[PDB]
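Student: Sequence unavailable; structure follows:
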Ligand SMILES: CN(C(=O)Oc1ccc(Cl)cc1)[C@H]1CC[C@H](c2ccc(CN3CCCCC3)cc2)CC1
Ligand SMILES: CN(C(=O)Oc1ccc(Cl)cc1)[C@H]1CC[C@H](c2ccc(CN3CCCCC3)cc2)CC1
Ligand SMILES: CCCCCCCCOCCOCCOCCOCCO
Ligand SMILES: CCCCCCCCOCCOCCOCCOCCO
């Protein structure tokens, strides 16, 4: 029955595989990427009329009937996303009259205008001189003097936030302004009677920081700031040291952009680092068939390649299938062998991790490393010396990254400081990188493939972590994926692999939870709203990926031969396309709970295949 | 008479002009460049068999009958140059038996072997493990902690030495060894009974430094060196900040190569600065028509373009000649506008200088800047706003560069510290950058073109400098050119332009000196030996350039209508080629008096033209 679905899914995946032997699906987010790119160009005085055009199509293409933009497809209108998109358009050419601009402006007004937008959105407008710098949370270059074991030192922030802060310190130090031509001035973002509803700090504003912030805005006005020069060079240096091979910074949109501006501020437009970081942007761009152009918040080669392999294996292809070897070989060349920031906590840990993108050595993540090593562990490559060695280095690294609570973070160890969550500046998304259930789960499943069971201390400490973190209804939160189905599926699948007993009470209590949220159409769905409102916990339109997850959770718990189980499999079979692929008009990926969502293109093809491969195994 | 010769010369230059509108002749030196390149590749594990071949033909081709290599054509055999060339060859494939190897080795031995070579030559061999690191002058990373106003702080060394030291500190800190395959081991460089005659420090070795060095090799052996890590990073950052646009460092062979090695040592072969720094080398390479390949100690676009224009103007072409405009425009885009190291002494001086090579913003030199501004001053470009503006920036910069003695240096101001000239490490060439007569002369000639005479204090202070520096026989030393003819010609030409009286006693005493060294053939010659032995002061085979110089000195002193004067003109007219050019099998350029000589390709064509253009003016 499903076999024909599998065969068709396989030849499809294999078709999508690039020549070098890796897979790479585009990553989706929201328009703040493109909108900020437009402004960045303006700042660096490098505007290409042709690019602006493609960008304008995209922006509009993404606008909804009501004239706004959301964080995910079918999501509620977002203020910040729309404010930025609005400014971006008005700069490209759009007159504040045209219908689209009308609808957007009205929504922006009905919300309290520019005065209600996140800190970033206001800062960008500050850079172009449309908002007072005095009303922007201050982040001094001097932050660079905090030691390794001090409150608020850069290494207390998560990798993604860290680089940004360092970069912005330099920017806010000078508080530069790059005026927009009169034609694009956006005063109408203030015209509003609605009371401005400002978003506070992620964890709550402590009067201390509030005070301090004002203290910094005052000091910022003095005539002399002793050692600031040194503070700035400290920041600049930190940046020149960690620039990524592709010319980016961390392989993410945020710090990259800011870092460039910081150099432009320091008259280094014709320094190697600046030039590289600039022409490096193109790689992250994407030409849309309808004339539009988009920029990616990040790229996922390693990731896609990793899952791609695992899926095709559980599917049926030989552990030495010449096509999967191209992947195996490729992955091996990716392994990082040099100390990154993670080393500040583990100076004696030997490098061996992997990263999300192509060439980003200073920021390998636990999630990727696990999937990659586990994937290789299933292949039989030509040089067994390399495969054997690679797996070892990586394995030993993942073990040395385990945090205090037995769980695994994503980039650093025990990055659980709760201090940064109160700073005025931090009011958007996560700022720290503590251990999560999904990452941990993935790690355990990686060990499980090797054999290491519950007998091993490392594993027990982790399993204990998961047990304590399980939700009342028996589900598991989803951090880097949407959401409880993603998490519940991850854990159960893992626990099953590390040897734990699938008959346990807490286990069963989870499987029942899965069968319970199965939609009528036989599949499973969970809307992104599940991060905001608990009513959407496991509820939502059925998607190929989210189904496959809730399905792996069942196959793992032994209930592979069940009603709900066979039911779901049917969904994947019927919803499949003639070419063998699958469609998924929703986001199943998470950046920051409730603040940033991602659309992983491959998920729709890879996961359904992996699930069907595991279902075929259960018989 | 001479007109045809001039016309013939002109059309030639104009034919050599690149499309972009600039001129660029290759720069010649000795084989230590290519030989060190070979080793560099080995270290970075990037050897291209095909290249090695082209480098071999080159090396052999440059070897003389006696089986040695000198610092200049027709020069005495050099030990260092030959030792390095020898090792380079043996590594490429040459067996110690073959004739070339025999003759070369013999010479090496008759001199005391490896133990007599300069500090560098021994260090390179140390890097490949053929010489003990303990016997190499130590330069600690800690040198990075010396303040701006302290003994031996990096800013006390001249620009070219400075960058190198910073780079090498990192290298010597680790004292790495990259073993040569048994096949190329060079123990035979020790086999010698001749007593090793070592070269001491440039200015004399004070037992203080001698002992100190020992202390360093001692401290180098301890188990802990507090703050060294920080000293290294201090030096690494310094390098990252000053990497040149073209991925080089200073636009010179030395620091560039070492910088790369220092990055390789720090496992940064993946970092952008290294990548760009590596692939940037090709630009300095040169394919020889006989199958060989050479590397340039540096490149001279700006310079060549600068003189090229001035020559073609004094010759006769219109100040707005569309072809010279291409040059004018080009030069304008070159002007540096950002603070370099020179700014450490003149924080309030506005950027406006130019550099020797294509893109090297942190190191503009007085010489270039003067020639360029002066050259622009003689043109009529479409945008008189920029031409006027540029000249001003450049002018003001030059002035703000004048040192205490009224004389101008090349890169920094009052870089006359005599401390560095005693360090054990510094035993090759110049290490400081004090004011010279030639640079100063060139500067005065630039101001003269505008109109500023002897009334202006700036000028007078400079002229006083020259007067005090004149030699007993009435000649002027040549620093960046060979030699007294180069200098004497520069000064007199300048003095004439600033308004000074050409009838003065000290002036005439110079012109007579010129006429007294006019070779029988009607031309002028001055061998590079004139730096070593005073017998060759103005003595040597006649060359097109050196003649033109001694000829401009006469035309300036009013003696344009003289016997010696017309005599010389004849030489240039006869020795001229059918194509209009000129040949010059000798070096008329200087890097370091008595240690490094350069062959400026263009000189033979440009200067003879400029002189004939000025001779045509005298009538
Ligand atoms: C828009 N973003 C952002 O981080 O904004 C901020 C910047 C600075 C600060 Cl202080 C706070 C937020 C995004 C930056 C990229 C980030 C991102 C992080 C990780 C990954 C890949 N990751 C690792 C491999 C497995 C799981 C997925 C992909 C994207 C997701 C958030
Ligand atoms: C081989 N070299 C060297 O500098 O070695 C040392 C390195 C470190 C130390 Cl401590 C001592 C010597 C050379 C490095 C390049 C140097 C050089 C300097 C200036 C120029 C251009 N110059 C400026 C424009 C007009 C006059 C010519 C061209 C080349 C000539 C010497
Ligand atoms: C120049 C000294 C090199 C020794 C440093 C290795 C120690 C590991 O770094 C500790 C962690 O700090 C994070 C930085 O790693 C990024 C790049 O560092 C650049 C070259 O060392
Ligand atoms: C990095 C601090 C910004 C200072 C630049 C403003 C220029 C003021 O002159 C200060 C003198 O600094 C001398 C160094 O030249 C080095 C260039 O490295 C580039 C980064 O500024």
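Tutor: Looks like it came in fine. Numbers count the residues shown, from 1 in each chain, chains lettered A, B, ... in the order given. Ligands and ions are numbered 1, 2, ... in the order given.

Student: use CA for all of it now, contacts and neighbours both
Tutor: Fine.

Student: do you know how far the residue of the stretch 1-150 of chain A at minimum distance from ligand 2 is from residue A:275?
Tutor: Across the stretch 1-150 of chain A, the shortest distance to ligand 2 (C-alpha to the nearest ligand atom) belongs to residue A:44, at 32.4 Å. According to C-alpha to C-alpha, to the nearest Å, residue A:44 stands 12 Å off from residue A:275.

Student: Kindly provide the distance from the closest residue to residue A:145 other than its chain neighbours to residue A:341.
Tutor: Of all residues not flanking residue A:145 in the chain, residue A:231 sits nearest, at 7.1 Å (C-alpha to C-alpha, 6 or more residues apart in numbering or on different chains). Residue A:231 sits 20 Å away from residue A:341, taking C-alpha to C-alpha as the criterion.

Student: These two - which one has more neighbours?
Tutor: Shown here are residue A:231 and residue A:341; by other C-alpha atoms under 10 Å in any protein chain shown, residue A:231 has more neighbours (20 against 17).

Student: any idea which element the more buried one lies in?
Tutor: Secondary structure assignment for residue A:231, by DSSP states H and E: helix A:228-242.

Student: helix, strand or coil for the nearest residue to residue A:367 once chain neighbours are set aside?
Tutor: For residue A:367, ignoring the flanking residues on the chain, the nearest one in space by C-alpha to C-alpha, 6+ apart is residue A:439 at 5.4 Å. Here residue A:439 is recorded as helix under DSSP: H, G, I helix; E, B strand; the rest coil.

Student: The one 5 residues further on now?
Tutor: Judged by three-state DSSP, the three-state class of residue A:444 is helix.

Student: The nearest residue to it once chain neighbours are set aside: neighbour count?
Tutor: Nearest residue to residue A:444, sequence neighbours excluded (C-alpha to C-alpha, 6+ apart): residue A:494, at 5.9 Å. Look at residue A:494: counted by other C-alpha under 10 Å, it has 26 neighbours.

Student: repeat for residue A:228
Tutor: Neighbours of residue A:228 (other C-alpha under 10 Å): 16.

Student: So it is in contact with residue A:145, correct?
Tutor: No. Applying C-alpha atoms under 8 Å, one finds residue A:228 not in contact with residue A:145, separated by 10.2 Å.

Student: ok, back up a step: need the three-state assignment for the residue nearest to residue A:444.
Tutor: Quick answer, by three-state DSSP: residue A:494 is helix.

Student: hang on, it packs against residue A:449?
Tutor: No. Assessed by C-alpha under 8 Å, residue A:494 is found out of contact with residue A:449, at 9.7 Å.

Student: Tell me the helices and strands packed up against the helix holding residue A:231.
Tutor: helix A:159-174, helix B:228-242 (3 or more C-alpha pairs under 8 Å, 6 or more residues apart in numbering or on different chains; DSSP states H and E).

Student: Would you tell me whether the longest one gets close to ligand 1?
Tutor: Yes. Contact check for helix A:159-174 against ligand 1, using C-alpha under 6 Å from any ligand atom: residues in range are A:160, A:161, A:164.

Student: how about the nearest residue to the first one, chain neighbours excluded?
Tutor: If I follow you right, that is residue A:160. Per C-alpha to C-alpha, 6+ apart, closest to residue A:160 is residue A:250, 7.1 Å.

Student: Is the one you found located within a strand, as I assumed?
Tutor: No. Counting by three-state DSSP, one finds residue A:250 to be coil, located in no strand.

Student: Just read off the phi/psi values of it.
Tutor: Backbone torsions for residue A:250, taken as degrees, to the nearest 10, come to phi 80, psi -10.

Student: That one: neighbour count?
Tutor: Going by other C-alpha under 10 Å, the residues that sit close to residue A:250 add up to 29.

Student: so what's it up against?
Tutor: A:160, A:163, A:243, A:244, A:256, A:360, A:362, A:363 (C-alpha atoms under 8 Å, 6 or more residues apart in numbering or on different chains).

Student: Let me see the domain layout of chain A.
Tutor: Following curated CATH domains, one gets these domains for chain A: A:1-26+A:299-619, A:27-298.

Student: could you check whether the longest one is close to ligand 1?
Tutor: Yes. Residues of domain A:1-26+A:299-619 are located near ligand 1 by C-alpha under 6 Å from any ligand atom, namely A:356, A:365, A:367, A:368, A:426, A:428, A:429, A:431, A:480, A:591.

Student: on that earlier part again, got the contacts of residue A:250 as a markdown table, with neighbour count columns?
Tutor: A markdown table is the format used below for the contacts of residue A:250 (neighbours: other C-alpha atoms under 10 Å in any protein chain shown):
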| residue | neighbour count |
| --- | --- |
| A:160 | 21 |
| A:163 | 25 |
| A:243 | 25 |
| A:244 | 26 |
| A:256 | 23 |
| A:360 | 25 |
| A:362 | 23 |
| A:363 | 27 |
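
Student: Fine by me, we can end here.
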